[PDB]
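Heads up, coords_14.txt below (compact mmCIF, N, CA and C atoms):
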# COMPACT_ATOMS: atom_id res chain seq x y z
N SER A 22 14.59 8.40 16.35
CA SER A 22 14.79 9.85 16.29
C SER A 22 13.52 10.61 16.51
N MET A 23 13.64 11.89 16.83
CA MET A 23 12.51 12.72 16.91
C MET A 23 11.85 12.88 15.53
N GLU A 24 12.64 12.94 14.45
CA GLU A 24 12.04 13.11 13.10
C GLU A 24 11.11 11.87 12.78
N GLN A 25 11.58 10.68 13.13
CA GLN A 25 10.83 9.45 12.79
C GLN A 25 9.53 9.49 13.52
N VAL A 26 9.56 9.91 14.78
CA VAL A 26 8.33 10.10 15.53
C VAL A 26 7.34 11.10 14.92
N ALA A 27 7.89 12.23 14.46
CA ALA A 27 7.05 13.30 13.82
C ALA A 27 6.39 12.76 12.55
N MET A 28 7.18 12.02 11.77
CA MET A 28 6.71 11.36 10.53
C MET A 28 5.59 10.37 10.90
N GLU A 29 5.83 9.58 11.96
CA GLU A 29 4.83 8.65 12.43
C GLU A 29 3.54 9.31 12.92
N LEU A 30 3.62 10.48 13.55
CA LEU A 30 2.44 11.21 13.97
C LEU A 30 1.61 11.73 12.74
N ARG A 31 2.33 12.25 11.75
CA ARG A 31 1.76 12.67 10.40
C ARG A 31 0.99 11.47 9.81
N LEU A 32 1.63 10.30 9.75
CA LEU A 32 0.96 9.08 9.21
C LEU A 32 -0.30 8.72 10.01
N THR A 33 -0.24 8.82 11.34
CA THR A 33 -1.34 8.54 12.19
C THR A 33 -2.47 9.48 11.94
N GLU A 34 -2.13 10.75 11.71
CA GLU A 34 -3.17 11.72 11.44
C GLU A 34 -3.78 11.53 10.01
N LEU A 35 -2.95 11.17 9.08
CA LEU A 35 -3.48 10.84 7.70
C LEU A 35 -4.45 9.67 7.85
N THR A 36 -4.06 8.66 8.65
CA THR A 36 -4.88 7.47 8.86
C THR A 36 -6.19 7.84 9.47
N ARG A 37 -6.20 8.78 10.44
CA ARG A 37 -7.43 9.31 11.01
C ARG A 37 -8.34 9.95 9.96
N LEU A 38 -7.74 10.77 9.11
CA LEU A 38 -8.54 11.47 8.08
C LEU A 38 -9.08 10.46 7.04
N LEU A 39 -8.22 9.55 6.58
CA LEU A 39 -8.65 8.46 5.63
C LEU A 39 -9.69 7.55 6.24
N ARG A 40 -9.66 7.31 7.55
CA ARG A 40 -10.73 6.53 8.14
C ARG A 40 -12.06 7.23 8.04
N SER A 41 -12.10 8.55 8.24
CA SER A 41 -13.32 9.32 8.11
C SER A 41 -13.79 9.33 6.61
N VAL A 42 -12.82 9.56 5.71
CA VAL A 42 -13.09 9.44 4.23
C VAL A 42 -13.70 8.07 3.91
N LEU A 43 -13.11 7.00 4.42
CA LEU A 43 -13.61 5.66 4.09
C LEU A 43 -15.04 5.47 4.57
N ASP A 44 -15.35 6.02 5.77
CA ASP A 44 -16.66 5.87 6.31
C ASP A 44 -17.67 6.60 5.49
N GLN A 45 -17.29 7.79 5.03
CA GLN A 45 -18.17 8.60 4.22
C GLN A 45 -18.40 7.91 2.84
N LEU A 46 -17.35 7.34 2.26
CA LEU A 46 -17.53 6.64 0.95
C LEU A 46 -18.39 5.40 1.11
N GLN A 47 -18.15 4.62 2.15
CA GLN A 47 -18.92 3.43 2.37
C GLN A 47 -20.42 3.69 2.66
N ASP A 48 -20.73 4.86 3.22
CA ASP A 48 -22.13 5.25 3.35
C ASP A 48 -22.85 5.44 2.03
N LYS A 49 -22.10 5.78 0.98
CA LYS A 49 -22.63 5.88 -0.34
C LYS A 49 -22.89 4.53 -0.99
N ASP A 50 -22.71 3.44 -0.24
CA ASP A 50 -22.98 2.06 -0.73
C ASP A 50 -23.92 1.41 0.23
N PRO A 51 -25.17 1.93 0.26
CA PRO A 51 -26.02 1.37 1.33
C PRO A 51 -26.45 -0.06 1.11
N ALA A 52 -26.39 -0.54 -0.14
CA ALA A 52 -26.68 -1.92 -0.42
C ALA A 52 -25.55 -2.91 0.02
N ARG A 53 -24.39 -2.36 0.44
CA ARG A 53 -23.24 -3.18 0.80
C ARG A 53 -22.69 -4.07 -0.32
N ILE A 54 -22.88 -3.60 -1.56
CA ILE A 54 -22.39 -4.30 -2.72
C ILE A 54 -20.87 -4.40 -2.72
N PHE A 55 -20.22 -3.39 -2.15
CA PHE A 55 -18.73 -3.29 -2.22
C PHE A 55 -18.07 -3.55 -0.86
N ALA A 56 -18.84 -4.03 0.11
CA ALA A 56 -18.36 -4.25 1.44
C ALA A 56 -17.32 -5.30 1.65
N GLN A 57 -17.38 -6.36 0.84
CA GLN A 57 -16.52 -7.51 1.03
C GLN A 57 -15.92 -7.98 -0.31
N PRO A 58 -14.83 -8.75 -0.27
CA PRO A 58 -14.34 -9.34 -1.54
C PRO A 58 -15.30 -10.15 -2.30
N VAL A 59 -15.31 -10.04 -3.61
CA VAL A 59 -16.09 -10.96 -4.45
C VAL A 59 -15.66 -12.38 -4.06
N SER A 60 -16.63 -13.23 -3.70
CA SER A 60 -16.36 -14.62 -3.28
C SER A 60 -15.90 -15.54 -4.47
N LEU A 61 -14.73 -16.16 -4.33
CA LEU A 61 -14.20 -17.01 -5.37
C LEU A 61 -14.88 -18.34 -5.28
N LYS A 62 -15.53 -18.65 -4.15
CA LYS A 62 -16.44 -19.82 -4.16
C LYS A 62 -17.62 -19.61 -5.05
N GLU A 63 -18.29 -18.46 -4.96
CA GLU A 63 -19.47 -18.08 -5.78
C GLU A 63 -19.25 -17.53 -7.23
N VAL A 64 -18.08 -16.93 -7.46
CA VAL A 64 -17.64 -16.49 -8.76
C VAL A 64 -16.26 -17.09 -9.06
N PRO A 65 -16.21 -18.41 -9.36
CA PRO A 65 -14.92 -19.08 -9.47
C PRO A 65 -13.97 -18.60 -10.58
N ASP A 66 -14.50 -18.02 -11.64
CA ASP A 66 -13.69 -17.45 -12.74
C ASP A 66 -13.23 -15.99 -12.46
N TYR A 67 -13.50 -15.43 -11.28
CA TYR A 67 -13.35 -13.97 -11.13
C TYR A 67 -11.92 -13.48 -11.51
N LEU A 68 -10.91 -14.20 -11.09
CA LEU A 68 -9.55 -13.73 -11.22
C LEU A 68 -9.07 -13.91 -12.67
N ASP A 69 -9.83 -14.64 -13.50
CA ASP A 69 -9.56 -14.64 -14.91
C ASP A 69 -9.92 -13.28 -15.54
N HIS A 70 -10.88 -12.56 -14.92
CA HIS A 70 -11.41 -11.30 -15.44
C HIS A 70 -10.70 -10.15 -14.75
N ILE A 71 -10.59 -10.17 -13.46
CA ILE A 71 -10.15 -9.05 -12.63
C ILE A 71 -8.83 -9.45 -11.94
N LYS A 72 -7.79 -8.71 -12.32
CA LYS A 72 -6.45 -9.02 -11.81
C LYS A 72 -6.09 -8.44 -10.47
N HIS A 73 -6.76 -7.34 -10.02
CA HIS A 73 -6.49 -6.74 -8.78
C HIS A 73 -7.89 -6.46 -8.07
N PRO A 74 -8.44 -7.52 -7.50
CA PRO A 74 -9.71 -7.32 -6.77
C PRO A 74 -9.57 -6.32 -5.63
N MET A 75 -10.68 -5.63 -5.29
CA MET A 75 -10.63 -4.72 -4.16
C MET A 75 -12.05 -4.61 -3.58
N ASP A 76 -12.11 -4.19 -2.34
CA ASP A 76 -13.41 -4.01 -1.64
C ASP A 76 -13.16 -3.18 -0.36
N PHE A 77 -14.22 -2.72 0.30
CA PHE A 77 -14.03 -1.87 1.41
C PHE A 77 -13.41 -2.56 2.65
N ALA A 78 -13.70 -3.83 2.90
CA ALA A 78 -13.08 -4.53 4.02
C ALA A 78 -11.58 -4.66 3.84
N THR A 79 -11.14 -4.89 2.62
CA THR A 79 -9.72 -5.04 2.32
C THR A 79 -9.05 -3.69 2.52
N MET A 80 -9.70 -2.61 2.09
CA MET A 80 -9.13 -1.25 2.28
C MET A 80 -9.01 -0.96 3.77
N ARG A 81 -10.00 -1.37 4.54
CA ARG A 81 -10.00 -1.07 5.95
C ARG A 81 -8.84 -1.78 6.63
N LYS A 82 -8.55 -3.01 6.21
CA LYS A 82 -7.39 -3.75 6.77
C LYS A 82 -6.09 -2.99 6.51
N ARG A 83 -5.91 -2.55 5.28
CA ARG A 83 -4.75 -1.78 4.91
C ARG A 83 -4.69 -0.48 5.71
N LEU A 84 -5.78 0.21 5.80
CA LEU A 84 -5.82 1.48 6.51
C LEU A 84 -5.37 1.29 7.97
N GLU A 85 -5.90 0.28 8.63
CA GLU A 85 -5.62 0.11 10.07
C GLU A 85 -4.23 -0.37 10.38
N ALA A 86 -3.55 -0.95 9.41
CA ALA A 86 -2.15 -1.21 9.47
C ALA A 86 -1.34 0.05 9.09
N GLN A 87 -1.99 1.22 9.02
CA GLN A 87 -1.34 2.40 8.40
C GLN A 87 -0.60 2.16 7.08
N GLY A 88 -1.22 1.40 6.14
CA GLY A 88 -0.63 1.06 4.92
C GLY A 88 -0.89 2.00 3.73
N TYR A 89 -1.60 3.11 3.99
CA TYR A 89 -1.74 4.16 2.97
C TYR A 89 -0.78 5.33 3.34
N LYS A 90 0.19 5.52 2.50
CA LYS A 90 1.20 6.62 2.73
C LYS A 90 0.72 8.00 2.37
N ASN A 91 -0.24 8.08 1.45
CA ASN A 91 -0.73 9.33 0.94
C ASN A 91 -2.16 9.06 0.40
N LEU A 92 -2.88 10.13 0.11
CA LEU A 92 -4.24 10.01 -0.41
C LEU A 92 -4.27 9.33 -1.78
N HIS A 93 -3.31 9.55 -2.65
CA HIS A 93 -3.26 8.89 -3.98
C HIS A 93 -3.37 7.36 -3.88
N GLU A 94 -2.62 6.77 -2.98
CA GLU A 94 -2.66 5.31 -2.76
C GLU A 94 -4.08 4.83 -2.36
N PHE A 95 -4.75 5.57 -1.49
CA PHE A 95 -6.10 5.29 -1.02
C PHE A 95 -7.06 5.43 -2.20
N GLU A 96 -6.96 6.51 -2.92
CA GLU A 96 -7.80 6.67 -4.12
C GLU A 96 -7.60 5.60 -5.15
N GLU A 97 -6.38 5.11 -5.32
CA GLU A 97 -6.13 4.03 -6.25
C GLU A 97 -7.03 2.80 -5.94
N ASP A 98 -7.04 2.43 -4.67
CA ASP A 98 -7.82 1.29 -4.17
C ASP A 98 -9.32 1.60 -4.38
N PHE A 99 -9.78 2.79 -4.04
CA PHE A 99 -11.21 3.08 -4.27
C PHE A 99 -11.59 2.99 -5.75
N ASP A 100 -10.74 3.48 -6.62
CA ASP A 100 -11.02 3.41 -8.03
C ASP A 100 -11.02 1.95 -8.52
N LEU A 101 -10.22 1.05 -7.94
CA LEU A 101 -10.25 -0.36 -8.27
C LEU A 101 -11.63 -0.98 -7.97
N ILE A 102 -12.19 -0.61 -6.83
CA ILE A 102 -13.52 -1.14 -6.47
C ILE A 102 -14.47 -0.83 -7.63
N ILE A 103 -14.53 0.43 -8.04
CA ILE A 103 -15.47 0.91 -9.06
C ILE A 103 -15.15 0.30 -10.43
N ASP A 104 -13.87 0.43 -10.83
CA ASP A 104 -13.49 0.05 -12.18
C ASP A 104 -13.60 -1.47 -12.36
N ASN A 105 -13.30 -2.27 -11.35
CA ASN A 105 -13.42 -3.74 -11.43
C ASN A 105 -14.90 -4.11 -11.72
N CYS A 106 -15.76 -3.43 -10.97
CA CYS A 106 -17.20 -3.72 -11.09
C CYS A 106 -17.75 -3.36 -12.42
N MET A 107 -17.33 -2.21 -12.96
CA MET A 107 -17.85 -1.71 -14.23
C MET A 107 -17.30 -2.52 -15.45
N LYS A 108 -16.25 -3.31 -15.22
CA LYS A 108 -15.78 -4.21 -16.24
C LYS A 108 -16.49 -5.60 -16.15
N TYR A 109 -16.55 -6.15 -14.97
CA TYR A 109 -17.13 -7.49 -14.79
C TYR A 109 -18.62 -7.56 -15.04
N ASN A 110 -19.30 -6.49 -14.65
CA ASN A 110 -20.76 -6.44 -14.76
C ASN A 110 -21.21 -5.60 -15.91
N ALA A 111 -22.29 -5.94 -16.60
CA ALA A 111 -22.81 -5.16 -17.69
C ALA A 111 -23.52 -3.94 -17.22
N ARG A 112 -23.67 -2.98 -18.10
CA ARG A 112 -24.38 -1.72 -17.82
C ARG A 112 -25.73 -1.82 -17.23
N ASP A 113 -26.50 -2.84 -17.62
CA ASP A 113 -27.88 -3.03 -17.17
C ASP A 113 -28.02 -3.84 -15.86
N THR A 114 -27.02 -3.79 -15.00
CA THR A 114 -27.06 -4.56 -13.81
C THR A 114 -27.08 -3.65 -12.58
N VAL A 115 -27.64 -4.18 -11.48
CA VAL A 115 -27.65 -3.41 -10.22
C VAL A 115 -26.21 -3.15 -9.73
N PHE A 116 -25.30 -4.07 -10.05
CA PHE A 116 -23.92 -3.92 -9.63
C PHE A 116 -23.25 -2.75 -10.33
N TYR A 117 -23.31 -2.73 -11.68
CA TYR A 117 -22.73 -1.61 -12.46
C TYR A 117 -23.30 -0.29 -11.97
N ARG A 118 -24.65 -0.27 -11.84
CA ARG A 118 -25.32 0.98 -11.50
C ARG A 118 -24.91 1.47 -10.08
N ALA A 119 -24.68 0.50 -9.19
CA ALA A 119 -24.23 0.87 -7.84
C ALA A 119 -22.85 1.52 -7.92
N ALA A 120 -21.98 0.97 -8.78
CA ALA A 120 -20.64 1.54 -8.91
C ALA A 120 -20.68 2.93 -9.48
N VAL A 121 -21.54 3.19 -10.49
CA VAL A 121 -21.66 4.56 -11.02
C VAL A 121 -22.05 5.56 -9.91
N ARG A 122 -23.05 5.15 -9.13
CA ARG A 122 -23.56 6.05 -8.07
C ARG A 122 -22.50 6.30 -7.00
N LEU A 123 -21.75 5.26 -6.67
CA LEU A 123 -20.63 5.37 -5.70
C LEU A 123 -19.54 6.28 -6.21
N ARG A 124 -19.16 6.16 -7.48
CA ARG A 124 -18.19 7.03 -8.09
C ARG A 124 -18.66 8.51 -8.05
N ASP A 125 -19.90 8.72 -8.44
CA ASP A 125 -20.42 10.08 -8.55
C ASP A 125 -20.49 10.74 -7.18
N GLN A 126 -21.05 10.03 -6.22
CA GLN A 126 -21.20 10.55 -4.85
C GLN A 126 -19.88 10.64 -4.13
N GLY A 127 -18.95 9.75 -4.40
CA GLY A 127 -17.65 9.72 -3.71
C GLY A 127 -16.76 10.88 -4.13
N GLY A 128 -16.98 11.37 -5.36
CA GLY A 128 -16.16 12.43 -5.97
C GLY A 128 -16.12 13.66 -5.12
N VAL A 129 -17.29 14.02 -4.59
CA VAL A 129 -17.50 15.17 -3.70
C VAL A 129 -16.62 15.09 -2.42
N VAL A 130 -16.66 13.91 -1.81
CA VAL A 130 -15.96 13.57 -0.58
C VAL A 130 -14.46 13.62 -0.84
N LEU A 131 -14.05 13.00 -1.93
CA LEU A 131 -12.63 12.97 -2.28
C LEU A 131 -12.04 14.34 -2.69
N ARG A 132 -12.84 15.17 -3.34
CA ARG A 132 -12.44 16.52 -3.66
C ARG A 132 -12.06 17.30 -2.40
N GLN A 133 -12.86 17.20 -1.33
CA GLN A 133 -12.54 17.97 -0.14
C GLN A 133 -11.42 17.30 0.68
N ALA A 134 -11.36 15.96 0.64
CA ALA A 134 -10.27 15.25 1.25
C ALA A 134 -8.94 15.73 0.73
N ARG A 135 -8.84 15.91 -0.57
CA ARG A 135 -7.59 16.37 -1.16
C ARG A 135 -7.20 17.77 -0.68
N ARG A 136 -8.17 18.66 -0.59
CA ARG A 136 -7.91 20.00 -0.06
C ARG A 136 -7.41 19.90 1.39
N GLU A 137 -8.04 19.06 2.23
CA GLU A 137 -7.65 18.87 3.65
C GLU A 137 -6.26 18.29 3.81
N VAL A 138 -5.95 17.30 2.99
CA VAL A 138 -4.65 16.70 3.05
C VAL A 138 -3.56 17.73 2.72
N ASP A 139 -3.72 18.47 1.62
CA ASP A 139 -2.83 19.60 1.24
C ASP A 139 -2.80 20.72 2.29
N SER A 140 -3.98 21.15 2.71
CA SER A 140 -4.11 22.22 3.72
C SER A 140 -3.34 21.87 5.02
N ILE A 141 -3.77 20.82 5.73
CA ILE A 141 -3.09 20.36 6.97
C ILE A 141 -1.65 19.83 6.74
N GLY A 142 -1.29 19.51 5.49
CA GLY A 142 0.04 18.98 5.15
C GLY A 142 0.07 17.49 5.43

Would you put the structure from the file into structure tokens?
Amino acid sequence: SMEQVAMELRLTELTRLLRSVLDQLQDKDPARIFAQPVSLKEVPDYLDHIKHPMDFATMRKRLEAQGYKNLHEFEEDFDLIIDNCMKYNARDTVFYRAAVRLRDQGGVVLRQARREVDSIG
């Protein structure tokens, strides 16, 4: 139908905007701490601690399959990256501290993303 096509164009445009959001958030991680999944070879107990691992490469896979229906779903995944790290790692670690900085800097980007998503529909 024409409606299904219009819906699909909306999703494609959301995907375009979320790709730009993702790039901007990932720039706030210049150390690449959150770039890839925590390695289960190197941290073999990880899944005993963290039930829903997340990272930027995994988000990018989902994004490119158009697997984010709305900004809330995308934000959920970003918050998993941060919250997983702040639980597994102690406060006095470079990992924890990187997550705090990513959360703080990402907030700005996500605030305007939400306005754009609402504004453009």

Please, which residues of range 27-124 of chain A, numbered as in this document, come out helix (DSSP H, G or I) from DSSP, as number ranges by chain? A: 27-48, 67-70, 77-85, 92-109, 115-124

Of the candidates A:76, A:24, A:34, A:137, which shows the shortest atom-to-atom distance to residue 102 in chain A, using all atoms listed in the file?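 The answer is A:76, which sits nearest to residue 102 in chain A.
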
Would you mind telling me which residue in A:134, A:29, A:23, A:121 lies nearest to residue 92 in chain A when using all atoms listed in the file?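 So, comparing all the options, the nearest one is A:134.
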
Might you pull out every residue within 8 Å of range 123-127 of chain A, with all atoms listed in the file counted and same-chain residues fewer than 3 positions away left off, and present them as an mmCIF file with N, CA and C atoms, keeping the file's coordinate frame?
data_model
loop_
_atom_site.group_PDB
_atom_site.id
_atom_site.type_symbol
_atom_site.label_atom_id
_atom_site.label_comp_id
_atom_site.auth_asym_id
_atom_site.auth_seq_id
_atom_site.Cartn_x
_atom_site.Cartn_y
_atom_site.Cartn_z
ATOM 1 N N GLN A 45 -17.290 7.790 5.030
ATOM 2 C CA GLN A 45 -18.170 8.600 4.220
ATOM 3 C C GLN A 45 -18.400 7.910 2.840
ATOM 4 N N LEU A 46 -17.350 7.340 2.260
ATOM 5 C CA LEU A 46 -17.530 6.640 0.950
ATOM 6 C C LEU A 46 -18.390 5.400 1.110
ATOM 7 N N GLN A 47 -18.150 4.620 2.150
ATOM 8 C CA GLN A 47 -18.920 3.430 2.370
ATOM 9 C C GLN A 47 -20.420 3.690 2.660
ATOM 10 N N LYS A 49 -22.100 5.780 0.980
ATOM 11 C CA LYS A 49 -22.630 5.880 -0.340
ATOM 12 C C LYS A 49 -22.890 4.530 -0.990
ATOM 13 N N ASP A 50 -22.710 3.440 -0.240
ATOM 14 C CA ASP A 50 -22.980 2.060 -0.730
ATOM 15 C C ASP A 50 -23.920 1.410 0.230
ATOM 16 N N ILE A 103 -14.530 0.430 -8.040
ATOM 17 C CA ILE A 103 -15.470 0.910 -9.060
ATOM 18 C C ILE A 103 -15.150 0.300 -10.430
ATOM 19 N N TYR A 117 -23.310 -2.730 -11.680
ATOM 20 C CA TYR A 117 -22.730 -1.610 -12.460
ATOM 21 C C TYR A 117 -23.300 -0.290 -11.970
ATOM 22 N N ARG A 118 -24.650 -0.270 -11.840
ATOM 23 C CA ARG A 118 -25.320 0.980 -11.500
ATOM 24 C C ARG A 118 -24.910 1.470 -10.080
ATOM 25 N N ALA A 119 -24.680 0.500 -9.190
ATOM 26 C CA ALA A 119 -24.230 0.870 -7.840
ATOM 27 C C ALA A 119 -22.850 1.520 -7.920
ATOM 28 N N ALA A 120 -21.980 0.970 -8.780
ATOM 29 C CA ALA A 120 -20.640 1.540 -8.910
ATOM 30 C C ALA A 120 -20.680 2.930 -9.480
ATOM 31 N N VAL A 130 -16.660 13.910 -1.810
ATOM 32 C CA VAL A 130 -15.960 13.570 -0.580
ATOM 33 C C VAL A 130 -14.460 13.620 -0.840
ATOM 34 N N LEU A 131 -14.050 13.000 -1.930
ATOM 35 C CA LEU A 131 -12.630 12.970 -2.280
ATOM 36 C C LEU A 131 -12.040 14.340 -2.690
ATOM 37 N N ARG A 132 -12.840 15.170 -3.340
ATOM 38 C CA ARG A 132 -12.440 16.520 -3.660
ATOM 39 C C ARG A 132 -12.060 17.300 -2.400
ATOM 40 N N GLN A 133 -12.860 17.200 -1.330
ATOM 41 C CA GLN A 133 -12.540 17.970 -0.140
ATOM 42 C C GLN A 133 -11.420 17.300 0.680
#

Between A:36, A:105, A:60, A:79, which is the closest to residue 138 in chain A once you count only C-alpha atoms? A:36

Can you tell me how far atom N of residue 98 in chain A sits from CA of residue 75 in chain A, in Å to one decimal? 8.0 Å

Mind checking which residues fall within 8 Å of range 85-91 of chain A, counting only C-alpha atoms, ignoring those fewer than 2 positions away in the same chain, and posting them as an mmCIF file with N, CA and C atoms, in the coordinates of the input?
data_model
loop_
_atom_site.group_PDB
_atom_site.id
_atom_site.type_symbol
_atom_site.label_atom_id
_atom_site.label_comp_id
_atom_site.auth_asym_id
_atom_site.auth_seq_id
_atom_site.Cartn_x
_atom_site.Cartn_y
_atom_site.Cartn_z
ATOM 1 N N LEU A 32 1.630 10.300 9.750
ATOM 2 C CA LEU A 32 0.960 9.080 9.210
ATOM 3 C C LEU A 32 -0.300 8.720 10.010
ATOM 4 N N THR A 33 -0.240 8.820 11.340
ATOM 5 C CA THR A 33 -1.340 8.540 12.190
ATOM 6 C C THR A 33 -2.470 9.480 11.940
ATOM 7 N N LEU A 35 -2.950 11.170 9.080
ATOM 8 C CA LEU A 35 -3.480 10.840 7.700
ATOM 9 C C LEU A 35 -4.450 9.670 7.850
ATOM 10 N N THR A 36 -4.060 8.660 8.650
ATOM 11 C CA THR A 36 -4.880 7.470 8.860
ATOM 12 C C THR A 36 -6.190 7.840 9.470
ATOM 13 N N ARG A 81 -10.000 -1.370 4.540
ATOM 14 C CA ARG A 81 -10.000 -1.070 5.950
ATOM 15 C C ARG A 81 -8.840 -1.780 6.630
ATOM 16 N N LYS A 82 -8.550 -3.010 6.210
ATOM 17 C CA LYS A 82 -7.390 -3.750 6.770
ATOM 18 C C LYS A 82 -6.090 -2.990 6.510
ATOM 19 N N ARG A 83 -5.910 -2.550 5.280
ATOM 20 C CA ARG A 83 -4.750 -1.780 4.910
ATOM 21 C C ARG A 83 -4.690 -0.480 5.710
ATOM 22 N N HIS A 93 -3.310 9.550 -2.650
ATOM 23 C CA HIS A 93 -3.260 8.890 -3.980
ATOM 24 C C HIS A 93 -3.370 7.360 -3.880
ATOM 25 N N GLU A 94 -2.620 6.770 -2.980
ATOM 26 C CA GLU A 94 -2.660 5.310 -2.760
ATOM 27 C C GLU A 94 -4.080 4.830 -2.360
ATOM 28 N N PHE A 95 -4.750 5.570 -1.490
ATOM 29 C CA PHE A 95 -6.100 5.290 -1.020
ATOM 30 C C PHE A 95 -7.060 5.430 -2.200
#
